[PDB]
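Chemist: What follows is a structure written as structure tokens; I'll ask about it next.
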Amino acid sequence: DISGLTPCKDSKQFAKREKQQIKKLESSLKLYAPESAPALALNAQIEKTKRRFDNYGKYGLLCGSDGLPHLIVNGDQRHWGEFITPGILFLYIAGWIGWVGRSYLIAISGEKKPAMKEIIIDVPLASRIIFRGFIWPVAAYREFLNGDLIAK
Amino acid sequence: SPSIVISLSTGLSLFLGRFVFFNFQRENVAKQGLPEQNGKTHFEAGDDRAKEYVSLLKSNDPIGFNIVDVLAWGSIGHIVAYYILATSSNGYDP
Amino acid sequence: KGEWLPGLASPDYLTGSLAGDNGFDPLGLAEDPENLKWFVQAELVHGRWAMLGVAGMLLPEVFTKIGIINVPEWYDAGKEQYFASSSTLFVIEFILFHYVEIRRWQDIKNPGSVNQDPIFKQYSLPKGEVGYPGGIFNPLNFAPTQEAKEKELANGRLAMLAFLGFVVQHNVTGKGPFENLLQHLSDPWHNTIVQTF
Amino acid sequence: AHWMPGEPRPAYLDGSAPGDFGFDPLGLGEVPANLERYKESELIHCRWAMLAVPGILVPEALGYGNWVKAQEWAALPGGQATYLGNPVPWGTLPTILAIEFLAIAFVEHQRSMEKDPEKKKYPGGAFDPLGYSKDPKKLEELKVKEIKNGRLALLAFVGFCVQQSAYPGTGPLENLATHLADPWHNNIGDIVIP
Ligand code: CLA
Ligand SMILES: CC(/C=C/C=C(C)/C=C/[C@@]12O[C@]1(C)C[C@@H](O)CC2(C)C)=C\C=C\C=C(C)\C=C\C=C(C)\C=C\[C@@]12O[C@]1(C)C[C@@H](O)CC2(C)C
Ligand SMILES: CC1=C(/C=C/C(C)=C/C=C/C(C)=C/C=C/C=C(C)/C=C/C=C(C)/C=C/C2=C(C)CCCC2(C)C)C(C)(C)CCC1
């Protein structure tokens, strides 16, 4: 489809790899008794492998010539969830962390010896500050417009 | 006929140099003086081979056309004429 | 005025002068006065839109259920065909909304500056507070008392909640809102959110 | 008379110059010499576009094709130009290009030799035989009218170019006809969203 790739629900190397893995597991399964705990563990492993392959096929990925899925970070609308959808999420969480830390530092800048508050964290003020990062984009944008983000 | 094209291009370039673009070029040359090192020209700083050739550039022309201007404008005209001839030589089309 | 949580002290910057003030700001967004003014205008216009939206997506469904008119649901309105293509309507809306919203933004930035009519110079708007233009926008000339402002703000907040509930409860269950209410009223103990999905 | 009511005017633009409405969001006119050069460039652009727009409108109103096809004859080797349906005997690329270069270069270099900044924008004298510029009372009104019409012509040229880009091989007049064919179907919508 894109860059000479094959849809993952149509390629044959995917099925061949699945068969190889299943046979490799079943070779070890035969050794033990069918009712024994290792048999149950190996059956669970086989079920997990089958579910993973089915999910990968149903999710609309694209295997390559050799048989493995390929990620597309290009920006096509059919792969929103491949890179772009997770990435934004990360930024959100990441921003949270940063924002919170910055706030805490300012919250201890007033006192005469902030080093004691840096090496021994206090829990009440930190817990007050932690949940303010849930709306970090709005506060950050307002501070940028006001001009309090950058020192002078 | 290469001779007609060459002569026409050379004459047009010479006319453009002598009667149209002369004042602008002269003013621009006068604005940018001789190259200077440490606030002094090359001849002043102690270079003897960098002396300007005042004798050659003097001319009896009413406005001041000299040999160097003739050579430069003729070279431009010849370049243009030969480009025209070479382009007309083949039959390439886009 | 009142308290949104007994046993909690209200923030200092919220002094109860603003309409509909209950001292609810746990995350402390409105610390700077400029942010407070911007968010006040936002809470006005955001919500003045939502009340109309909620009424428009709810009342036709009730009227259709009781049977006077046959109208598509609020979801399937976009899929229906109209007299003109959606693109031209979108362009017309974009241009008109650009004009009106730039006028409103200019008024907010510089109060009492865009009251004069650009075309007919004689007409103008009487001076007032930002966010409540009055004048020609008030044909019946109702009294702009504080109680009316508080009622409007409360109705707007309820509209916010109603719209969010409508959208999410359609997302989880494809059935419409009024039909969802009727299904719940059929048997409350077996048709709540917990019992079904 | 500001471009946007409720917005402060810039310092360097007070309204003395004709067709001045205090529009400079990017602050490009801080340097007075830059402001004068910008005024010159704007006036020249306006005059050229004003002279050009009828040159597009009158053709394609007769049987002749459009402002784009009239340019395709130079692409074909050994082509010859035409005028009013009649082929010009001297129509070929080298001679036409050389004549254009010589004439335009001489005219422009003659123009650039003027020194007074005011005389560059409005030369006067021999350029106006009728003599509308003798009376100073109407001069400001005429200048404002010229500036406004030139800006309108520039917008017209932008519209022409963008419409041509959207529909290759299409003239403005047939575009207007197509728009009038069904006003509620042929609009900017189908190109702004696919
Ligand atoms: C507390 C929050 C914090 C914040 C907001 C920043 C901010 C920044 N860092 Mg700094 N940094 C931090 C902590 C922080 N740092 C720590 C702890 C270290 C030592 C490991 C560094 C070492 C560091 C380096 C070596 C560099 C930066 C650079 C940068 C800048 C670019 C972003 C980036 O590259 O991140 C880089 C981030 C890291 C390598 C790791 C940060 C992850 C920490 C552990 C998270 C903060 C957690 C903290 C313990 C929370 C406590 C609060 C709680 C008590 C409430 C940006 C201004 C880069 C630069 O200079 O850009 C101009 C760069 O070169 N930082
Ligand atoms: C405007 C709005 C909805 C508008 C809907 C419209 C126009 C709908 C129009 C249509 O339906 C029609 C008519 C007909 C259909 O055919 C088409 C569409 C287009 C579908 C919703 C806003 C919805 C807005 C919502 C839900 C906002 C919620 C905000 C909350 C809860 C904030 C809480 C806090 O901020 C405080 C207050 C203080 C802080 O300290 C703490 C926290 C917690 C951060
Ligand atoms: C005496 C006199 C006169 C006359 C004069 C004349 C006539 C002159 C001429 C002059 C000339 C007539 C000159 C020329 C020059 C030239 C040149 C200077 C050239 C150059 C060239 C080149 C450089 C080339 C190159 C090349 C080559 C080698 C090869 C190929 C390529 C090319 C082309 C690149 C008169 C009457 C007026 C006046 C009086 C006096």
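Residue numbering for chain D follows Swiss-Prot; the residues present correspond to positions 46-239, in that order.
Placed from the backbone N, Cα and C atoms, the Cβ positions cover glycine too.
So Swiss-Prot lists these for the protein:
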- D:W48: chlorophyll b 1 binding site (BINDING)
- D:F68, D:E87, D:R196: chlorophyll a 1 binding site (BINDING)
- D:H90: chlorophyll a 2 binding site (BINDING)
- D:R92, D:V133: chlorophyll b 2 binding site (BINDING)
- D:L129, D:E191: chlorophyll a 3 binding site (BINDING)
- D:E153: chlorophyll b 3 binding site (BINDING)
- D:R156: chlorophyll b 4 binding site (BINDING)
- D:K190, D:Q208: chlorophyll a 5 binding site (BINDING)
- D:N194: chlorophyll a 4 binding site (BINDING)
- D:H224: chlorophyll a 6 binding site (BINDING)
- D:93-113: transmembrane segment (TRANSMEM)
- D:132-152: transmembrane segment (TRANSMEM)
- D:197-217: transmembrane segment (TRANSMEM)
Chemist: From the binding-site residues D:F68, D:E87, D:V133, D:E153, D:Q208, pick the residue whose C-alpha lies nearest to the C-alpha of D:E191 (chlorophyll a 3 binding site).
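Modeler: Comparing Cα positions, the candidate nearest D:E191 (chlorophyll a 3 binding site) turns out to be D:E87.
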Chemist: Out of D:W48, D:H90, D:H224, the binding-site residues in the record, which is closest to D:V133 (chlorophyll b 2 binding site) when you go by Cα distance?
Modeler: D:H90
Chemist: Which binding-site residues from the set D:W48, D:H90, D:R92, D:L129, D:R156, D:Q208 come within 10 angstroms of D:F68 (chlorophyll a 1 binding site), judged by C-alpha positions?
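Modeler: D:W48, listed in sequence order.
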Chemist: Can you tell me the CA-to-CA distance separating D:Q208 (chlorophyll a 5 binding site) and the residue listed as 'chlorophyll b 3 binding site', as a whole number of Å?
Modeler: 31
Chemist: Between C-alpha atoms, which of these binding-site residues comes nearest to D:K190 (chlorophyll a 5 binding site): D:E87, D:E153, D:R156?
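Modeler: Given the candidates D:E87, D:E153, D:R156, the nearest one is D:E87.
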Chemist: In the same chain, which residue numbers or ranges, 6 or more beyond the ends of the transmembrane segment (D:132-152), come under 8 angstroms Cβ to Cβ?
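Modeler: Same-chain residues near the transmembrane segment (D:132-152) but 6 or more away: 118-119, 124-126.
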Chemist: Can you tell me the CA-to-CA distance separating D:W48 (chlorophyll b 1 binding site) and the residue listed as 'chlorophyll a 2 binding site', as a whole number of Å?
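Modeler: Here the two Cα atoms are 21 Å apart.
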Chemist: Any residues 6+ beyond the ends of the transmembrane segment (D:197-217) with a Cβ under 8 Å from its own?
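Modeler: Distal contacts: 90-91, 94-95, 97-98, 101-102, 105, 110-114, 236.
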Chemist: As a test of the contact definition, list every same-chain residue at least 6 positions from the residue listed as 'chlorophyll b 3 binding site' whose Cβ is closer than 8 Å to its Cβ.
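Modeler: Listed in sequence order: nothing, so none.
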